[PDB]
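Residue numbers (the entry's author numbering), protein chains in the order written: chain G, 1 to 155; chain F, 1 to 155; chain E, 1 to 155; chain B, 1 to 155; chain A, 1 to 155; chain F', 1 to 155; chain H, 1 to 155. A prime marks a further copy of an entry chain.
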Amino acid sequence: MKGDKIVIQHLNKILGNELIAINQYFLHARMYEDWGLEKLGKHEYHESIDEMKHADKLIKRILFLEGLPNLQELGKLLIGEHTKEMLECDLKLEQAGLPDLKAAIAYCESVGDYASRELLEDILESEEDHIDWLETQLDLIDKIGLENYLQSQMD
Amino acid sequence: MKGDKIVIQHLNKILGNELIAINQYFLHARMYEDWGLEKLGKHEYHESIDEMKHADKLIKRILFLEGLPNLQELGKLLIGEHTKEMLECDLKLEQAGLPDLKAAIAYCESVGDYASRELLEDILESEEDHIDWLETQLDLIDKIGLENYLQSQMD
Amino acid sequence: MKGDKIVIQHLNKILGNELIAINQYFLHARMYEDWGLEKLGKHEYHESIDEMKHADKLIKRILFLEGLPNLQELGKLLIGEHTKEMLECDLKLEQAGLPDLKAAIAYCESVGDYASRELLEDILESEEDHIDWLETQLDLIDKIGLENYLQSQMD
Amino acid sequence: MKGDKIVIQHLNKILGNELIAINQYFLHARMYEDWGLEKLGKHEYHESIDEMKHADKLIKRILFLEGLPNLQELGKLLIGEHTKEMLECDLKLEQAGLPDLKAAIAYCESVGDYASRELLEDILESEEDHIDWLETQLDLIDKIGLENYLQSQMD
Amino acid sequence: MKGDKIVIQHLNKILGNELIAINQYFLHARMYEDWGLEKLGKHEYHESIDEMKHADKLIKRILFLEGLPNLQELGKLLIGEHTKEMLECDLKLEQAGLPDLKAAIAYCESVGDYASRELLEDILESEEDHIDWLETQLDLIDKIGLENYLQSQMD
Amino acid sequence: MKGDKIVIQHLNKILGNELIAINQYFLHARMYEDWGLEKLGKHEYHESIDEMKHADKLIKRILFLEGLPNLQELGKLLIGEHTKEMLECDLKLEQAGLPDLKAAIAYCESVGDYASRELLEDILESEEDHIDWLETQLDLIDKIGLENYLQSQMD
Amino acid sequence: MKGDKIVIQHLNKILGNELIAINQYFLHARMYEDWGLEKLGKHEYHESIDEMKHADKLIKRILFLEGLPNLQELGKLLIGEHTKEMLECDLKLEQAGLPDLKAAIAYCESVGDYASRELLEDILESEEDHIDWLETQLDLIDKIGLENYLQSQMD
Ligand code: HEM
Ligand code: HEM
Ligand code: HEM
Ligand SMILES: [Fe+2]
Ligand SMILES: [Fe+2]
Ligand SMILES: [Fe+2]
Ligand SMILES: [Fe+2]
Ligand SMILES: [Fe+2]
Ligand SMILES: [Fe+2]
Ligand SMILES: [Fe+2]
Ligand SMILES: [Fe+2]
Ligand SMILES: [Fe+2]
Ligand SMILES: [Fe+2]
Ligand SMILES: [Fe+2]
Ligand SMILES: [Fe+2]
Ligand SMILES: [Fe+2]
Ligand SMILES: [Fe+2]
Ligand SMILES: [Fe+2]
Ligand SMILES: [Mg+2]
Ligand SMILES: [Mg+2]
Ligand SMILES: [Mg+2]
Ligand SMILES: [Mg+2]
Ligand SMILES: [Mg+2]
Ligand SMILES: [Mg+2]
Ligand SMILES: [Mg+2]
Ligand SMILES: [Mg+2]
Ligand SMILES: [Mg+2]
């Protein structure tokens, strides 16, 4: 079904952000795992798989609207070197993506592409959950201390 | 069956206390939950459903005694900002209420409303348990330390 | 994540509404239960837990948006003395509440707080169903008569 | 297998009636359920489904006989405003059809379409059961009074 | 609950379209099955049912909104003579109604009937799925040839 | 019980028809089976066991009516050499028999042998089904092509 | 454990190749599925999930050898517009990656990094299966024909 050209661009924009979140979280995930931070690793891993599913939904939607998904452009990944940093990189990421999503949702409303809007709304709801977990981890670190926090993430 | 007017005034009195407890603990529960303090949040949550059961019992008792339950008044809520403060507020709350319960059990005895006395006695035994747990946490905080005590409340 | 101050203000207001419903429906529930009107008390009981869930969702959303939930203020409960009056009071409360829900959804739209909009929409759809049942009963009372209606509610 | 032009003409006619029954009963079913008359609702709902299986039987027989089903035209639709009237309108229709079926069975006999006859015969027996139930409901209203009948159709 | 006259007017309009879908899909389904194309028949049969659930949702909304469902008027019916055309007539219908759903959701939003909106919203997502399947069948006919496509729809 | 002499002559008549069908379909079945046309062979096989059941019914009916079943005469067998021919032969066979069945049902009616009429009516309804399937295959052959139609009959 | 700088450069290179395939196979996969070619889509999907696992194995190896996995560089994706081209694009990828794996294995052998060589041999064996499958589908297309091949890929 022929979709809106500008709507397809927003979708590709959102898709671009997702592909980045995918590699960054996967790498981070395997890093925690490599440090012996199993709990932290398993959670970062799922965050990765979620982003993969977001990418999947977007791709399918774009194909349905008769557009061309763009998996060719990979933006700058924000890799960290230590836990507190990695958390803050994922946070910067998730945040930087909110303006694009709300701008995409707002555009779909304006052109009557309500299904795409519901799609982006779901993903959005999911992005706010990640942002929440992340903030919580950072607060937890300041509350119980890096040593205790990292001990809690082993196994 | 028409009950003693003063006994019902007492019941409504204690009822207002519980209603406060309900709100205070539910907010504290969602706050812990929100800070990622799983354990604390779960306990405070139950303490809350507990107070609801207490309120429920009094309501029924009042209704039976042919009085009018007062779910209209809600006293000051002692909301803490950080864990130790929140625990102290709940303890202070559970203690300011005991005198009233005892003054009520004492009264039922004086006018022979033995059944209402058994109701309060039960609510009472629970209250000394809510207080027991609370006092325990406060002492743990001083024995293992806040950071350690918080850490252990995470999962 | 810091949310819109006006959105949180809206949310907090709706929270007060729910808290009112909880108490009103709970009293009505125990009253029906107290008159031997099992069916009615059972339903009213559920309508009450429903409102408790609503309140819980708003609280959590408010906390996430980093605001202070208000379990403190409690509005005027509309208590009835007889079945028909009790149904009216509840319908009245559920209706004098919609304008606020809609004014809030509309607001979230204006500031792009789409996730809060979804929260409100859900409880909104639930509210129209509470209103449906209520109206359904009121009309029923006039179709089969009060005596028959009450009889039906006993068992 | 080419069948008699006139036999198919009857089949087509019978079919229009079913399509009418379908919509009419479907509307009464939702109306009943909208008023809170579960018992009446479910029955009208199933009767609606019954009429759907009837139409389905005809469409197939017609297609097989190499004719063109006319799902296009829909005749008058006796919609009622109250139970009593809705029950009567459903009985008028359920009767205004009998002749057609009876008339169609006689026709099939005269031209040797025995298979079409037995098929109609079946819808015919079923229709006499839609009528028995309807006439019974109306009589019941007399024997126990409207408000009583309704009270029975609630749950 | 009294709803907006214009919103109920849209709902009523949307409802007519579904009733058409129901009949057109049901006829095609029997035709397919009559020719021996089981797969095609089974799918049209399901799409026929889907449309019935759509119409049922509207009817309830309309009744709840205190309007009068119009099961009476039935729009024209795009009947096809062969698969290729039958598939096209069904795609046209699904597209000649998509705008209405879009036009209705926009209306509900402008007058605050958020509940009706989410209801149309769903039928809408579903209809984009009916359309995706139809477009796919047509494209498949191209890529593999009518004879192969039909051969694959047999068993 | 002594039956009508003409009714029995009819029964024996139709009986001879079935016996032919039995042989024709069994040979056609083993021929398909032999050509590796699994599906066709299986269907033709059942159509054959069917005709056996028909013959069985008539035999019993004749025996009851106190007549002598004639399994002695066997008419011309229409054996095809290739698929389409075989289908046409079976169709031609199933059609030359219908007039006789109808002429027999008609006769039973005239002499009041209603039970024998029900027997024929059933055999009749099956016959229009054997014809339905056969006509379907012939049309499929012309829609997807012989090679394609044969291919699909292999497994 | 510190690994050989060049072994790591090789590992990073293979990783880059895997990362390309992931996206190419995932886009091709959703494309087949968007066209209704379920068989093909499901296969490409799995081959894509395979590359993901491959990349995962390398990421881990690299982290263990204390190097920095590079998920930032993304080579040129070869995306086709129709099945045959898409199959040829993936085959080209696999082939263009074979030299690099063999080069890497050979280097690990020259510096005593046997565990890294073992890992690579495994991925190598997996890559020859993808190739065998791709070459086979292309041959299958020549033996039976695009129309038939595509039909076979439908379900
Ligand atoms: C007049 C005050 C209230 C009364 C009498 C009341 C009573 C109850 C009762 C008896 C239950 C059943 C619990 C069980 O035994 O499993 C319940 C459940 C619950 N209450 Fe309350 N409640 C009150 C206020 C509140 C408030 C203000 C909140 C939130 C701030 C709340 C939130 C809940 C929740 C979430 C549940 C669990 C519901 C579920 O089972 O899914 N309640 N309440
Ligand atoms: C236009 C108004 C119609 C409405 C509102 C309606 C509604 C429904 C609903 C809600 C169901 C049950 C769906 C499920 O749970 O699976 C149903 C089933 C069905 N409908 Fe309709 N329908 C309509 C018209 C028709 C017509 C005109 C036909 C035939 C031409 C038809 C034939 C059927 C059949 C065969 C079933 C399945 C029955 C069974 O499984 O026992 N419907 N319909
Ligand atoms: C174009 C980007 C990618 C897309 C669209 C994608 C999509 C997916 C999807 C749909 C799944 C299934 C999710 C589930 O049901 O659990 C999956 C699984 C997985 N992905 Fe990705 N993925 C991508 C990139 C990656 C990358 C870059 C890696 C690793 C560096 C990766 C590693 C994995 C793993 C390990 C699994 C699960 C494997 C298993 O099933 O055992 N993915 N991916
Ligand atoms: Fe995401
Ligand atoms: Fe995210
Ligand atoms: Fe510790
Ligand atoms: Fe208590
Ligand atoms: Fe307590
Ligand atoms: Fe509510
Ligand atoms: Fe409510
Ligand atoms: Fe009927
Ligand atoms: Fe009927
Ligand atoms: Fe629809
Ligand atoms: Fe549709
Ligand atoms: Fe036979
Ligand atoms: Fe036969
Ligand atoms: Fe690979
Ligand atoms: Fe590969
Ligand atoms: Mg939504
Ligand atoms: Mg926070
Ligand atoms: Mg009493
Ligand atoms: Mg035919
Ligand atoms: Mg008969
Ligand atoms: Mg109503
Ligand atoms: Mg398409
Ligand atoms: Mg004998
Ligand atoms: Mg290490």
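For each residue, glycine too, the CB sits at the ideal point set by N, CA and C.
If you check the beta carbons only, do residue i and residue j fall under 8 Å apart?
{"i": "F/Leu146", "j": "F/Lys92", "result": "no"}
{"i": "A/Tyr45", "j": "A/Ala55", "result": "no"}
{"i": "F/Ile62", "j": "F/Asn17", "result": "no"}
{"i": "H/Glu51", "j": "H/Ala96", "result": "no"}
{"i": "H/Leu58", "j": "H/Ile8", "result": "no"}
{"i": "A/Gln72", "j": "B/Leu19", "result": "no"}
{"i": "F'/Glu125", "j": "B/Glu118", "result": "yes"}
{"i": "B/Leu101", "j": "B/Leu74", "result": "no"}
{"i": "G/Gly112", "j": "G/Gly67", "result": "no"}
{"i": "F/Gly80", "j": "G/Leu140", "result": "no"}
{"i": "G/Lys143", "j": "F/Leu150", "result": "yes"}
Would you mind telling me which residues of chain F sit closer than 9 Å to residue i, beta carbon to beta carbon, in chain order?
{"i": "E/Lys60", "result": "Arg30, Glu33, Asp34"}
If we cut at 8 Å on Cβ distances, does residue i have a partner in chain F'?
{"i": "B/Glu121", "result": "no"}
Would you mind telling me which residues of chain A sit closer than 9 Å to residue i, beta carbon to beta carbon, in chain order?
{"i": "E/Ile105", "result": "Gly112, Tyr114"}
Is the CB of residue i under 8 Å away from at least one CB in chain A?
{"i": "B/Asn17", "result": "no"}
{"i": "F'/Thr136", "result": "yes"}
{"i": "H/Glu44", "result": "no"}
{"i": "G/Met1", "result": "yes"}
Under 7 Å between beta-carbons, which chain A residues line up against residue i? List them in chain order, please.
{"i": "F'/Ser126", "result": "Going along chain A, no residue has its Cβ under 7 Å from F'/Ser126, so there is no contact; the nearest lies around 18 Å."}
{"i": "B/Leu74", "result": "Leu74"}
Compute the beta-carbon to beta-carbon distance between residue i and residue j, rounded to the nearest angstrom, for a pair I have assumed lies under 8 Å.
{"i": "A/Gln153", "j": "A/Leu27", "result": "With 8 Å as the limit, A/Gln153 and A/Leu27 do not qualify as a contact, their Cβ atoms being about 17 Å apart."}
{"i": "A/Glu47", "j": "A/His130", "result": "6 Å"}
{"i": "F'/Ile105", "j": "B/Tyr114", "result": "6 Å"}
{"i": "E/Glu94", "j": "E/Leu134", "result": "7 Å"}
{"i": "B/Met1", "j": "B/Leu98", "result": "Not quite, the Cβ-Cβ distance comes to about 28 Å (not below 8 Å), so this is no contact."}
Looking at chain F, is there any beta carbon in it that lies within less than 8 Å of the beta carbon of residue i?
{"i": "G/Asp139", "result": "yes"}
How would you list, in chain order, the residues of chain G whose beta-carbon sits under 8 Å from the beta-carbon of residue i?
{"i": "A/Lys102", "result": "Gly112, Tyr114"}
Please report whether the beta-carbon of residue i lies at a distance below 8 Å from any beta-carbon of chain E.
{"i": "G/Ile144", "result": "no"}
{"i": "F/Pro69", "result": "yes"}
Name, please, each residue of chain B whose Cβ falls closer than 8 Å to the Cβ of residue i.
{"i": "E/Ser152", "result": "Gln151, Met154, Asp155"}
Spell out whether any CB of chain G is found under 8 Å from the CB atom of residue i.
{"i": "A/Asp132", "result": "yes"}
{"i": "H/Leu27", "result": "yes"}
{"i": "residue 166 of chain H", "result": "Beyond the ends of chain H as shown, which are 1 and 155, falls residue 166 of chain H; an answer cannot be given."}
{"i": "H/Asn12", "result": "no"}
At a CB-CB cut-off below 8 Å, which residues of chain A make contact with residue i?
{"i": "H/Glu147", "result": "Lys143, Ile144, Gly145, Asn148"}
Check the Cβ of residue i against every Cβ in chain F' and list those closer than 8 Å, keeping chain order.
{"i": "B/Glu118", "result": "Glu121, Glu125"}
Do we get a CB-CB distance below 8 Å when we pair residue i with the residues of chain B?
{"i": "A/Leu65", "result": "no"}
* Can you give, in chain order, each stretch of the alpha helix (DSSP H) that sits fully within the segment 86–123 of chain A and has at least 4 residues? -> 98–110
* Asked: In chain order, which alpha helix (DSSP H) runs of at least 4 residues are fully inside the segment 8–67 of chain F?
  -> 38–64
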